[PDB]
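Asker: Provided herewith: start_27.cif, mmCIF, C-alpha atoms and all ligand atoms.
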```
data_my_file
#
loop_
_atom_site.label_atom_id
_atom_site.label_comp_id
_atom_site.auth_asym_id
_atom_site.auth_seq_id
_atom_site.Cartn_x
_atom_site.Cartn_y
_atom_site.Cartn_z
CA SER A 1 -40.95 -0.62 294.67
CA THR A 2 -38.26 -3.20 293.94
CA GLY A 3 -38.05 -6.76 292.68
CA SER A 4 -35.41 -9.47 293.07
CA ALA A 5 -35.39 -12.82 291.23
CA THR A 6 -32.90 -15.63 290.97
CA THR A 7 -31.69 -16.54 287.47
CA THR A 8 -30.48 -20.12 286.85
CA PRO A 9 -28.34 -21.55 284.01
CA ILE A 10 -30.37 -23.88 281.75
CA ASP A 11 -27.50 -26.38 281.39
CA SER A 12 -23.91 -27.20 282.43
CA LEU A 13 -22.46 -24.75 279.88
CA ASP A 14 -24.42 -21.63 280.93
CA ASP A 15 -25.92 -21.52 277.46
CA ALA A 16 -28.70 -19.27 278.79
CA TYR A 17 -30.34 -18.36 282.08
CA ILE A 18 -33.99 -18.67 283.11
CA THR A 19 -35.86 -16.55 285.63
CA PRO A 20 -39.33 -17.39 286.98
CA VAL A 21 -42.06 -14.89 286.02
CA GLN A 22 -45.65 -14.82 287.29
CA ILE A 23 -48.25 -14.06 284.59
CA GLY A 24 -51.98 -13.68 285.08
CA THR A 25 -54.51 -14.29 287.86
CA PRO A 26 -54.17 -16.80 289.45
CA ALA A 27 -50.43 -16.70 288.70
CA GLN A 28 -49.04 -18.88 285.94
CA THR A 29 -45.27 -19.19 286.52
CA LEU A 30 -43.16 -19.45 283.37
CA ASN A 31 -39.36 -19.58 283.19
CA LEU A 32 -38.26 -16.80 280.84
CA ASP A 33 -34.93 -15.87 279.28
CA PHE A 34 -34.28 -12.24 280.28
CA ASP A 35 -32.76 -10.65 277.17
CA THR A 36 -31.18 -7.17 277.30
CA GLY A 37 -30.74 -7.47 273.50
CA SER A 38 -34.46 -7.51 272.60
CA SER A 39 -37.68 -5.81 273.65
CA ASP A 40 -40.55 -8.37 273.40
CA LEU A 41 -42.01 -10.36 276.30
CA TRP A 42 -43.28 -13.47 274.52
CA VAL A 43 -44.38 -16.85 275.81
CA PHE A 44 -45.26 -20.33 274.76
CA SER A 45 -49.01 -20.47 275.10
CA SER A 46 -52.28 -22.39 274.59
CA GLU A 47 -52.20 -20.80 271.08
CA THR A 48 -48.81 -22.26 270.13
CA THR A 49 -48.98 -24.82 267.26
CA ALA A 50 -49.11 -28.13 269.18
CA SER A 51 -46.28 -29.80 267.20
CA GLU A 52 -43.98 -26.82 268.14
CA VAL A 53 -44.38 -27.36 271.91
CA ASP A 54 -42.12 -30.03 273.52
CA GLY A 55 -41.98 -29.77 277.30
CA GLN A 56 -42.33 -25.99 277.80
CA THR A 57 -44.79 -24.59 280.32
CA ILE A 58 -47.50 -22.59 278.51
CA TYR A 59 -49.44 -19.46 279.32
CA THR A 60 -53.22 -19.99 278.92
CA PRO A 61 -54.87 -16.56 278.76
CA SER A 62 -58.39 -18.06 279.01
CA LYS A 63 -57.49 -19.19 282.60
CA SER A 64 -56.41 -15.68 283.69
CA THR A 65 -59.14 -13.39 285.00
CA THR A 66 -56.92 -10.35 284.24
CA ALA A 67 -55.97 -11.27 280.65
CA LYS A 68 -57.44 -9.16 277.84
CA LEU A 69 -56.84 -9.56 274.10
CA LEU A 70 -55.02 -6.54 272.70
CA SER A 71 -57.33 -6.44 269.68
CA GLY A 72 -55.68 -6.46 266.29
CA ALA A 73 -52.13 -6.58 267.69
CA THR A 74 -49.58 -9.03 266.24
CA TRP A 75 -45.89 -9.58 266.67
CA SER A 76 -43.07 -11.29 264.81
CA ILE A 77 -39.40 -11.39 265.75
CA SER A 78 -36.18 -12.81 264.37
CA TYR A 79 -33.04 -13.11 266.51
CA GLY A 80 -29.30 -12.96 265.67
CA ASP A 81 -29.05 -16.80 265.81
CA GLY A 82 -31.70 -17.22 263.02
CA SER A 83 -34.49 -18.23 265.47
CA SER A 84 -37.96 -16.63 265.30
CA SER A 85 -41.41 -16.54 266.76
CA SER A 86 -44.72 -14.76 266.14
CA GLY A 87 -48.31 -14.47 267.36
CA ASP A 88 -50.94 -12.26 268.94
CA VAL A 89 -50.99 -10.17 272.12
CA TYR A 90 -52.75 -10.05 275.49
CA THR A 91 -52.36 -7.59 278.31
CA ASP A 92 -52.06 -9.13 281.77
CA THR A 93 -50.47 -8.72 285.18
CA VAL A 94 -46.78 -9.73 285.23
CA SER A 95 -44.63 -10.03 288.37
CA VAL A 96 -40.87 -10.58 288.64
CA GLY A 97 -39.34 -11.19 292.03
CA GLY A 98 -42.19 -9.41 293.83
CA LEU A 99 -42.37 -6.40 291.42
CA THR A 100 -45.77 -6.24 289.67
CA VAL A 101 -46.77 -4.52 286.43
CA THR A 102 -50.42 -4.34 285.41
CA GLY A 103 -51.37 -4.08 281.77
CA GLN A 104 -48.08 -5.60 280.47
CA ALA A 105 -48.14 -6.76 276.85
CA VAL A 106 -47.71 -10.55 276.92
CA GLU A 107 -47.01 -11.71 273.36
CA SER A 108 -48.57 -15.17 272.88
CA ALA A 109 -46.72 -17.35 270.36
CA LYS A 110 -48.72 -19.00 267.61
CA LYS A 111 -45.48 -20.16 265.92
CA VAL A 112 -41.93 -20.71 267.17
CA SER A 113 -38.85 -21.88 265.24
CA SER A 114 -37.20 -25.22 265.82
CA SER A 115 -34.50 -23.97 268.26
CA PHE A 116 -37.25 -22.76 270.67
CA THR A 117 -39.22 -26.03 270.40
CA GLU A 118 -36.03 -28.04 271.00
CA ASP A 119 -35.21 -26.15 274.23
CA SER A 120 -37.71 -27.46 276.79
CA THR A 121 -36.22 -25.27 279.57
CA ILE A 122 -37.12 -21.84 278.09
CA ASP A 123 -40.83 -20.89 278.19
CA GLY A 124 -40.31 -17.53 276.43
CA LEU A 125 -38.28 -14.33 276.50
CA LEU A 126 -38.53 -11.16 278.57
CA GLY A 127 -36.92 -8.32 276.62
CA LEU A 128 -34.99 -5.61 278.46
CA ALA A 129 -33.58 -3.55 275.58
CA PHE A 130 -35.24 -0.23 274.68
CA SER A 131 -38.96 -0.27 273.80
CA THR A 132 -38.18 1.20 270.32
CA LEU A 133 -37.25 -2.38 269.28
CA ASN A 134 -40.57 -3.93 270.35
CA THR A 135 -42.18 -5.70 267.38
CA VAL A 136 -45.89 -5.36 268.21
CA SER A 137 -47.96 -3.93 265.33
CA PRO A 138 -49.75 -1.65 264.80
CA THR A 139 -49.21 -0.20 268.31
CA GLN A 140 -45.69 -0.77 269.67
CA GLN A 141 -45.63 -1.96 273.29
CA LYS A 142 -43.38 -1.21 276.27
CA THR A 143 -40.98 -3.59 278.01
CA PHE A 144 -41.59 -4.80 281.54
CA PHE A 145 -38.77 -2.44 282.72
CA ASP A 146 -40.20 0.56 280.92
CA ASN A 147 -43.66 -0.10 282.42
CA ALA A 148 -42.16 -0.62 285.94
CA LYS A 149 -39.71 2.27 285.80
CA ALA A 150 -41.77 5.10 287.28
CA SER A 151 -42.76 2.86 290.31
CA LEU A 152 -39.20 1.73 291.05
CA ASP A 153 -37.17 3.22 293.92
CA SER A 154 -34.40 3.94 291.31
CA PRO A 155 -34.85 3.56 287.51
CA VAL A 156 -32.38 0.69 287.21
CA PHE A 157 -32.05 -3.05 286.91
CA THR A 158 -28.96 -5.14 287.55
CA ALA A 159 -27.69 -8.40 286.09
CA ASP A 160 -25.53 -10.61 288.27
CA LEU A 161 -25.11 -13.80 286.25
CA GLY A 162 -23.35 -16.80 287.76
CA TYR A 163 -20.60 -18.98 286.32
CA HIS A 164 -22.02 -22.50 286.53
CA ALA A 165 -24.26 -21.22 289.34
CA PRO A 166 -27.43 -19.19 289.92
CA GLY A 167 -27.35 -15.40 290.00
CA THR A 168 -29.76 -12.52 290.37
CA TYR A 169 -31.76 -9.90 288.46
CA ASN A 170 -32.72 -6.96 290.65
CA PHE A 171 -35.11 -4.16 289.72
CA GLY A 172 -35.13 -0.72 291.36
CA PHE A 173 -32.04 -0.94 293.59
CA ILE A 174 -28.27 -1.61 293.72
CA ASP A 175 -27.24 -4.36 296.04
CA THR A 176 -23.97 -2.89 297.37
CA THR A 177 -23.13 -6.36 298.88
CA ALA A 178 -23.14 -8.06 295.44
CA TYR A 179 -19.87 -6.57 294.05
CA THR A 180 -16.34 -5.64 295.09
CA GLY A 181 -14.72 -2.20 294.70
CA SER A 182 -16.65 0.48 292.91
CA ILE A 183 -19.02 0.56 289.90
CA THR A 184 -17.63 2.27 286.76
CA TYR A 185 -20.33 3.86 284.65
CA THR A 186 -19.99 4.40 280.90
CA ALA A 187 -22.07 6.13 278.25
CA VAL A 188 -24.84 4.38 276.30
CA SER A 189 -26.17 5.07 272.82
CA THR A 190 -29.84 4.11 272.37
CA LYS A 191 -29.78 4.86 268.62
CA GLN A 192 -30.01 1.14 267.62
CA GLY A 193 -32.35 0.32 270.59
CA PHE A 194 -29.62 -1.59 272.47
CA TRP A 195 -27.57 -1.04 275.61
CA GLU A 196 -24.69 0.02 273.29
CA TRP A 197 -21.45 1.24 274.82
CA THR A 198 -17.71 1.55 274.03
CA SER A 199 -15.13 -0.55 275.79
CA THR A 200 -11.72 1.09 276.18
CA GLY A 201 -9.64 -1.97 275.21
CA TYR A 202 -8.52 -5.43 276.10
CA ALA A 203 -5.76 -7.68 277.33
CA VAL A 204 -5.11 -11.40 276.75
CA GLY A 205 -3.94 -13.30 279.84
CA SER A 206 -1.10 -11.50 281.62
CA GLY A 207 -0.36 -9.46 278.46
CA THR A 208 -0.26 -5.68 278.21
CA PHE A 209 -3.54 -3.83 277.84
CA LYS A 210 -4.30 -2.55 274.34
CA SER A 211 -6.13 0.79 274.42
CA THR A 212 -8.68 0.68 271.59
CA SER A 213 -12.36 1.64 271.31
CA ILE A 214 -14.72 -1.35 270.87
CA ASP A 215 -18.37 -0.39 270.38
CA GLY A 216 -20.76 -3.20 271.34
CA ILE A 217 -23.92 -4.17 273.17
CA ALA A 218 -24.54 -5.61 276.63
CA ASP A 219 -26.71 -8.61 275.72
CA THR A 220 -27.81 -11.11 278.39
CA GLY A 221 -29.62 -13.12 275.70
CA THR A 222 -26.41 -13.96 273.78
CA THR A 223 -24.24 -16.75 275.21
CA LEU A 224 -20.80 -15.79 273.90
CA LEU A 225 -18.50 -12.76 273.57
CA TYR A 226 -18.34 -11.57 269.91
CA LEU A 227 -15.52 -9.11 269.16
CA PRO A 228 -13.60 -7.85 266.13
CA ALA A 229 -11.56 -10.43 264.24
CA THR A 230 -8.25 -8.76 265.17
CA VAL A 231 -9.03 -9.03 268.93
CA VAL A 232 -10.30 -12.60 268.65
CA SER A 233 -7.23 -13.69 266.61
CA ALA A 234 -4.95 -12.16 269.25
CA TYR A 235 -6.74 -14.15 271.99
CA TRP A 236 -6.73 -17.57 270.28
CA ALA A 237 -3.10 -17.15 269.13
CA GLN A 238 -2.21 -17.66 272.82
CA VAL A 239 -3.84 -21.15 272.87
CA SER A 240 -1.74 -23.94 271.30
CA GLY A 241 -3.71 -25.73 268.62
CA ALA A 242 -6.63 -23.26 268.50
CA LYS A 243 -7.99 -22.49 265.03
CA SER A 244 -10.99 -21.07 263.29
CA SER A 245 -13.08 -23.93 261.82
CA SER A 246 -15.48 -22.99 258.95
CA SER A 247 -17.04 -26.50 259.33
CA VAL A 248 -17.82 -26.01 263.08
CA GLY A 249 -18.64 -22.28 262.74
CA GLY A 250 -15.94 -20.58 264.84
CA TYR A 251 -12.78 -20.95 266.88
CA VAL A 252 -12.15 -24.36 268.44
CA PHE A 253 -9.34 -25.42 270.69
CA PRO A 254 -7.95 -28.64 272.21
CA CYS A 255 -10.03 -29.74 275.17
CA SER A 256 -6.68 -30.42 276.93
CA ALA A 257 -5.81 -26.68 276.92
CA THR A 258 -5.79 -24.30 279.85
CA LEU A 259 -7.28 -21.02 278.49
CA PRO A 260 -5.91 -17.58 279.30
CA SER A 261 -8.12 -14.92 280.82
CA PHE A 262 -9.50 -12.03 278.78
CA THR A 263 -9.72 -8.49 280.17
CA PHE A 264 -11.97 -5.76 278.78
CA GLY A 265 -11.87 -2.08 279.67
CA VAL A 266 -14.71 -0.01 281.11
CA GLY A 267 -13.33 3.50 281.21
CA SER A 268 -10.17 3.28 283.33
CA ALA A 269 -11.48 0.10 285.03
CA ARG A 270 -10.89 -3.50 283.95
CA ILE A 271 -13.16 -6.61 284.04
CA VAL A 272 -11.29 -9.91 283.93
CA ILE A 273 -13.00 -12.95 282.38
CA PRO A 274 -11.28 -16.08 283.77
CA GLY A 275 -10.07 -18.56 281.17
CA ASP A 276 -12.48 -21.20 282.39
CA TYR A 277 -15.46 -18.97 281.41
CA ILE A 278 -14.29 -19.18 277.75
CA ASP A 279 -14.59 -23.01 277.58
CA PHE A 280 -17.85 -24.17 275.97
CA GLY A 281 -16.87 -27.83 275.94
CA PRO A 282 -16.74 -30.49 273.24
CA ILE A 283 -18.12 -29.50 269.82
CA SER A 284 -20.04 -32.80 269.73
CA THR A 285 -20.44 -35.30 272.43
CA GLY A 286 -17.12 -37.03 273.27
CA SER A 287 -14.98 -34.86 270.95
CA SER A 288 -11.56 -33.59 272.05
CA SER A 289 -12.20 -30.36 270.08
CA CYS A 290 -13.79 -27.73 272.33
CA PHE A 291 -15.77 -24.65 271.30
CA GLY A 292 -14.47 -21.23 272.23
CA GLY A 293 -16.41 -18.63 274.15
CA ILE A 294 -14.82 -15.67 272.35
CA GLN A 295 -15.78 -15.54 268.65
CA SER A 296 -15.53 -13.05 265.80
CA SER A 297 -18.31 -10.56 265.24
CA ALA A 298 -17.32 -10.20 261.55
CA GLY A 299 -20.53 -10.60 259.45
CA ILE A 300 -22.82 -9.97 262.50
CA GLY A 301 -22.42 -6.16 262.08
CA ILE A 302 -22.11 -5.50 265.88
CA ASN A 303 -19.88 -6.56 268.75
CA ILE A 304 -21.76 -8.38 271.52
CA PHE A 305 -20.81 -8.51 275.18
CA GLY A 306 -22.87 -11.61 275.87
CA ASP A 307 -23.04 -13.82 278.95
CA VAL A 308 -19.34 -14.83 278.82
CA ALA A 309 -18.43 -11.21 279.50
CA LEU A 310 -21.39 -10.11 281.61
CA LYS A 311 -21.16 -12.99 284.11
CA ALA A 312 -17.64 -11.79 285.06
CA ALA A 313 -19.22 -8.54 286.35
CA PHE A 314 -22.03 -6.98 288.34
CA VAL A 315 -23.80 -4.97 285.61
CA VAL A 316 -26.05 -1.95 286.16
CA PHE A 317 -28.56 -1.08 283.44
CA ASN A 318 -29.32 2.55 284.37
CA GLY A 319 -32.59 3.66 282.76
CA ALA A 320 -32.43 7.27 283.94
CA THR A 321 -33.35 10.03 281.43
CA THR A 322 -29.82 9.62 280.06
CA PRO A 323 -29.18 5.86 280.23
CA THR A 324 -25.77 4.54 281.26
CA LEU A 325 -24.18 1.12 281.98
CA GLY A 326 -22.20 0.32 285.08
CA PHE A 327 -19.71 -2.51 285.63
CA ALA A 328 -18.12 -3.74 288.85
CA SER A 329 -15.92 -6.73 289.62
CA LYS A 330 -17.43 -9.32 291.99
NA NA B 1 -23.24 -23.91 269.61
#
```
As a first step, turn the structure in this file into C-alpha cells.

Answerer:
Amino acid sequence: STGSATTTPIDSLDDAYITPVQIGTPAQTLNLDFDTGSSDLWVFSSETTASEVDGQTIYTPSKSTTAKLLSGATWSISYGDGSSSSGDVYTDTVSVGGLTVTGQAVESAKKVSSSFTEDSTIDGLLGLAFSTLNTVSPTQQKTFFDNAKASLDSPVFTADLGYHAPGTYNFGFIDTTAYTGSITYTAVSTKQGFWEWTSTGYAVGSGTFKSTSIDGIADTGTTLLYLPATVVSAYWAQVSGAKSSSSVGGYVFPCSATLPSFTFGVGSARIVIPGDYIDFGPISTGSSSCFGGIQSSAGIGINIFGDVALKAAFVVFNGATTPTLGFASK
C-alpha cells in the first residue's frame, strides 16, 4: 500500500504545516501537524477542557463505531517550545492520504497548554519519530508509520514541504518526479528516538564550504533551523545590522536586508536554503526588526534541522531495519 497527502502551511510565515487525517467511522477529518520530532498522535477531542478549545476541530470517540477505549492508558507530553498536552487513549481507524491503519492509538487530549489553544488551525499532532519516544503509559504505543510499515510497498515516508506553498507527505514510495538530481542517503542514530544524523558542514552565501560535523535531528515539527552558536554567528555576521537580542529571544535583522543563502552538507552533496527562507518577518506587527530563521541551539542540547532546512529539500525517512535519511534538491 501507499498513501499521499497534501500538507499546507498554517500561515504566511510557514510556521507549521497541517495535513488532513481521517479518524474513526464514519471519518472525522482533523488537520494534524506531522512531527518527525515526536511520537504521539494526539488530538483535540470531546474530552478536551472546554475553555482550552478555541476553533479547533475535535475528535468525538463516542461518534465512531470503531473507537475503543484503551483501558487504563494515559499520556502526557512536553515539547521543546514549552508547550504540553495530556489525556487518555482510544484505538481507532486512522487514514492518511488513502493509507489506512486499524487499531492506531489516538491520544485524546483532556488538557492542552495555551499555545495549542491559541492556534485554531492545528487540531493535534501526528508523531513520526521512533516509537521509543511515545508517551503512553503503562503500555507504550506505536506511531502511525510504525503500524503502517509492514503493509507499505517500501518502508519509507517522504517530506516535501513547500516554501509559502503546499507540499506533500508520501508513505510507502519515492516520487522520482518530486526532486532533481539524485538522493544522498546518510546514517541515522535512533539512540535518542529521533531521526538524528550528521551534516558534513556549511557555507554562508557564496562563501567557501566549511567541512565540520554537525549532529542534529530532522524535525518537521520545528519551524526554524537551530545550529551551533559558531555557525549561527558566522551566518548573521554577513547581514548588516543583524544582532542577537536577549529581549526578543534570538537573532533579529533589519527588515530592509536581503539575506544570504545557507548551504548544509549531506555527505558530499549540498542543500542550499535560499535567503528568503530565513526571513520570519517583523518581530511584532509593523516593526522594522525581523526575526531570523537560523538561531542558536545553545541551551537546547541538540541541533535541529527544522522546516527552514527541510523545505529546501525532498527528504526521505527510510524506516528499513537500519534507518537512514535521504536528501535531494528540488
Ligand atoms: Na516566534

Asker: Could you please determine the separation between atom CA of residue 188 of chain A and atom CA of residue 77 of chain A in Å, to one decimal place?

Answerer: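 So the two atoms, atom CA of residue 188 of chain A and atom CA of residue 77 of chain A, lie 23.9 Å apart.
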
Asker: For the atom pair atom CA of residue 153 of chain A and atom CA of residue 318 of chain A, what is the interatomic distance in Å to one decimal place?

Answerer: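 Between atom CA of residue 153 of chain A and atom CA of residue 318 of chain A the gap works out to 12.4 Å.
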
Asker: Name each residue within 10 Å of ligand NA 1 (chain B), counting all atoms listed in the file, as an mmCIF file with C-alpha atoms, in the frame of the given file.

Answerer:
```cif
data_model
loop_
_atom_site.group_PDB
_atom_site.id
_atom_site.type_symbol
_atom_site.label_atom_id
_atom_site.label_comp_id
_atom_site.auth_asym_id
_atom_site.auth_seq_id
_atom_site.Cartn_x
_atom_site.Cartn_y
_atom_site.Cartn_z
ATOM 1 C CA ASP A 15 -25.920 -21.520 277.460
ATOM 2 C CA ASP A 81 -29.050 -16.800 265.810
ATOM 3 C CA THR A 223 -24.240 -16.750 275.210
ATOM 4 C CA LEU A 224 -20.800 -15.790 273.900
ATOM 5 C CA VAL A 248 -17.820 -26.010 263.080
ATOM 6 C CA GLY A 249 -18.640 -22.280 262.740
ATOM 7 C CA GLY A 250 -15.940 -20.580 264.840
ATOM 8 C CA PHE A 280 -17.850 -24.170 275.970
ATOM 9 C CA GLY A 281 -16.870 -27.830 275.940
ATOM 10 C CA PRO A 282 -16.740 -30.490 273.240
ATOM 11 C CA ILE A 283 -18.120 -29.500 269.820
ATOM 12 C CA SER A 284 -20.040 -32.800 269.730
ATOM 13 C CA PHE A 291 -15.770 -24.650 271.300
ATOM 14 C CA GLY A 292 -14.470 -21.230 272.230
ATOM 15 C CA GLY A 293 -16.410 -18.630 274.150
#
```

Asker: With all atoms listed in the file as the atoms that count, which of A:290, A:257, A:237, A:187 lies nearest to residue 275 of chain A?

Answerer: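 Of A:290, A:257, A:237, A:187, the one nearest residue 275 of chain A is A:257, counting all atoms listed in the file.
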
Asker: What gap, in Å, lies between atom CA of residue 202 of chain A and atom CA of residue 171 of chain A?

Answerer: 29.9 Å

Asker: Would you list the contacts of residue 137 of chain A as number ranges by chain, taking every protein, DNA or RNA residue within 7 Å and counting all atoms listed in the file, but skipping same-chain residues closer than 6 positions in sequence?

Answerer: A: 73-75

Asker: What's around residue 86 of chain A at 7 Å? Count only C-alpha atoms, leave out sequence neighbours fewer than 4 positions away in its own chain, and write the answer as number ranges by chain.

Answerer: A: 75-77, 109-112

Asker: With distances taken over only C-alpha atoms, which residue among A:29, A:316, A:193, A:252 lies nearest residue 173 of chain A?

Answerer: A:316

Asker: Please provide as an MDAnalysis selection string all residues within 10 Å of segment 154-163 of chain A, with the sequence filter that same-chain residues fewer than 6 positions apart are discarded (counting only C-alpha atoms).

Answerer: chainID A and resid 1:4 6:9 12:14 16:17 34 36 128 145:146 148 169:175 178:179 220 276:277 307:321 323:327 330

Asker: How would segment 310-330 of chain A read, as a PDB file, in the coordinates of the input, once N, CA, C and O atoms are built in?

Answerer:
```pdb
ATOM      1  N   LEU A 310     -20.557 -10.720 280.554  1.00  0.00           N
ATOM      2  CA  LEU A 310     -21.390 -10.110 281.610  1.00  0.00           C
ATOM      3  C   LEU A 310     -21.301 -10.906 282.900  1.00  0.00           C
ATOM      4  O   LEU A 310     -21.371 -10.292 283.977  1.00  0.00           O
ATOM      5  N   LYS A 311     -21.152 -12.219 282.848  1.00  0.00           N
ATOM      6  CA  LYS A 311     -21.160 -12.990 284.110  1.00  0.00           C
ATOM      7  C   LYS A 311     -19.867 -12.781 284.894  1.00  0.00           C
ATOM      8  O   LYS A 311     -19.831 -13.175 286.072  1.00  0.00           O
ATOM      9  N   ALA A 312     -18.843 -12.164 284.309  1.00  0.00           N
ATOM     10  CA  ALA A 312     -17.640 -11.790 285.060  1.00  0.00           C
ATOM     11  C   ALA A 312     -17.866 -10.478 285.836  1.00  0.00           C
ATOM     12  O   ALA A 312     -16.923 -10.065 286.556  1.00  0.00           O
ATOM     13  N   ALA A 313     -19.013  -9.849 285.736  1.00  0.00           N
ATOM     14  CA  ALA A 313     -19.220  -8.540 286.350  1.00  0.00           C
ATOM     15  C   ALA A 313     -20.590  -8.494 287.044  1.00  0.00           C
ATOM     16  O   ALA A 313     -21.493  -9.298 286.778  1.00  0.00           O
ATOM     17  N   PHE A 314     -20.740  -7.499 287.906  1.00  0.00           N
ATOM     18  CA  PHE A 314     -22.030  -6.980 288.340  1.00  0.00           C
ATOM     19  C   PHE A 314     -22.381  -5.842 287.398  1.00  0.00           C
ATOM     20  O   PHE A 314     -21.556  -4.871 287.319  1.00  0.00           O
ATOM     21  N   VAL A 315     -23.493  -5.901 286.717  1.00  0.00           N
ATOM     22  CA  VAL A 315     -23.800  -4.970 285.610  1.00  0.00           C
ATOM     23  C   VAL A 315     -25.064  -4.190 285.959  1.00  0.00           C
ATOM     24  O   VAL A 315     -26.123  -4.782 286.215  1.00  0.00           O
ATOM     25  N   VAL A 316     -24.952  -2.868 285.923  1.00  0.00           N
ATOM     26  CA  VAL A 316     -26.050  -1.950 286.160  1.00  0.00           C
ATOM     27  C   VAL A 316     -26.580  -1.408 284.863  1.00  0.00           C
ATOM     28  O   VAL A 316     -25.809  -0.765 284.091  1.00  0.00           O
ATOM     29  N   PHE A 317     -27.841  -1.617 284.586  1.00  0.00           N
ATOM     30  CA  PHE A 317     -28.560  -1.080 283.440  1.00  0.00           C
ATOM     31  C   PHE A 317     -29.350   0.109 283.973  1.00  0.00           C
ATOM     32  O   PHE A 317     -30.405  -0.016 284.612  1.00  0.00           O
ATOM     33  N   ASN A 318     -28.760   1.303 283.797  1.00  0.00           N
ATOM     34  CA  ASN A 318     -29.320   2.550 284.370  1.00  0.00           C
ATOM     35  C   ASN A 318     -30.237   3.183 283.371  1.00  0.00           C
ATOM     36  O   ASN A 318     -29.768   3.718 282.314  1.00  0.00           O
ATOM     37  N   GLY A 319     -31.532   3.110 283.599  1.00  0.00           N
ATOM     38  CA  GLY A 319     -32.590   3.660 282.760  1.00  0.00           C
ATOM     39  C   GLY A 319     -33.039   5.052 283.149  1.00  0.00           C
ATOM     40  O   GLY A 319     -34.215   5.379 282.828  1.00  0.00           O
ATOM     41  N   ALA A 320     -32.210   5.824 283.744  1.00  0.00           N
ATOM     42  CA  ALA A 320     -32.430   7.270 283.940  1.00  0.00           C
ATOM     43  C   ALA A 320     -32.545   7.975 282.590  1.00  0.00           C
ATOM     44  O   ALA A 320     -32.423   7.402 281.527  1.00  0.00           O
ATOM     45  N   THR A 321     -33.015   9.240 282.646  1.00  0.00           N
ATOM     46  CA  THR A 321     -33.350  10.030 281.430  1.00  0.00           C
ATOM     47  C   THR A 321     -32.236   9.888 280.387  1.00  0.00           C
ATOM     48  O   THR A 321     -32.568   9.695 279.231  1.00  0.00           O
ATOM     49  N   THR A 322     -31.010   9.985 280.859  1.00  0.00           N
ATOM     50  CA  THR A 322     -29.820   9.620 280.060  1.00  0.00           C
ATOM     51  C   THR A 322     -29.321   8.258 280.534  1.00  0.00           C
ATOM     52  O   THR A 322     -28.689   8.197 281.541  1.00  0.00           O
ATOM     53  N   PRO A 323     -29.613   7.185 279.767  1.00  0.00           N
ATOM     54  CA  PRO A 323     -29.180   5.860 280.230  1.00  0.00           C
ATOM     55  C   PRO A 323     -27.680   5.746 280.299  1.00  0.00           C
ATOM     56  O   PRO A 323     -26.975   6.293 279.399  1.00  0.00           O
ATOM     57  N   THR A 324     -27.185   4.902 281.195  1.00  0.00           N
ATOM     58  CA  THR A 324     -25.770   4.540 281.260  1.00  0.00           C
ATOM     59  C   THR A 324     -25.666   3.065 281.650  1.00  0.00           C
ATOM     60  O   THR A 324     -26.693   2.464 282.069  1.00  0.00           O
ATOM     61  N   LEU A 325     -24.509   2.457 281.436  1.00  0.00           N
ATOM     62  CA  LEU A 325     -24.180   1.120 281.980  1.00  0.00           C
ATOM     63  C   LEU A 325     -23.167   1.261 283.084  1.00  0.00           C
ATOM     64  O   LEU A 325     -22.219   2.095 282.938  1.00  0.00           O
ATOM     65  N   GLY A 326     -23.226   0.419 284.100  1.00  0.00           N
ATOM     66  CA  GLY A 326     -22.200   0.320 285.080  1.00  0.00           C
ATOM     67  C   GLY A 326     -21.637  -1.073 285.188  1.00  0.00           C
ATOM     68  O   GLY A 326     -22.416  -2.077 285.064  1.00  0.00           O
ATOM     69  N   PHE A 327     -20.359  -1.222 285.413  1.00  0.00           N
ATOM     70  CA  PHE A 327     -19.710  -2.510 285.630  1.00  0.00           C
ATOM     71  C   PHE A 327     -18.891  -2.514 286.874  1.00  0.00           C
ATOM     72  O   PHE A 327     -18.074  -1.552 287.078  1.00  0.00           O
ATOM     73  N   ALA A 328     -18.994  -3.529 287.710  1.00  0.00           N
ATOM     74  CA  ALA A 328     -18.120  -3.740 288.850  1.00  0.00           C
ATOM     75  C   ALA A 328     -17.599  -5.158 288.793  1.00  0.00           C
ATOM     76  O   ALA A 328     -18.278  -6.091 288.287  1.00  0.00           O
ATOM     77  N   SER A 329     -16.409  -5.369 289.315  1.00  0.00           N
ATOM     78  CA  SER A 329     -15.920  -6.730 289.620  1.00  0.00           C
ATOM     79  C   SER A 329     -16.746  -7.328 290.758  1.00  0.00           C
ATOM     80  O   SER A 329     -17.454  -6.626 291.502  1.00  0.00           O
ATOM     81  N   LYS A 330     -16.654  -8.657 290.932  1.00  0.00           N
ATOM     82  CA  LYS A 330     -17.430  -9.320 291.990  1.00  0.00           C
ATOM     83  C   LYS A 330     -16.721 -10.592 292.428  1.00  0.00           C
ATOM     84  O   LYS A 330     -15.659 -10.880 291.951  1.00  0.00           O
TER      85      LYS A 330
END
```
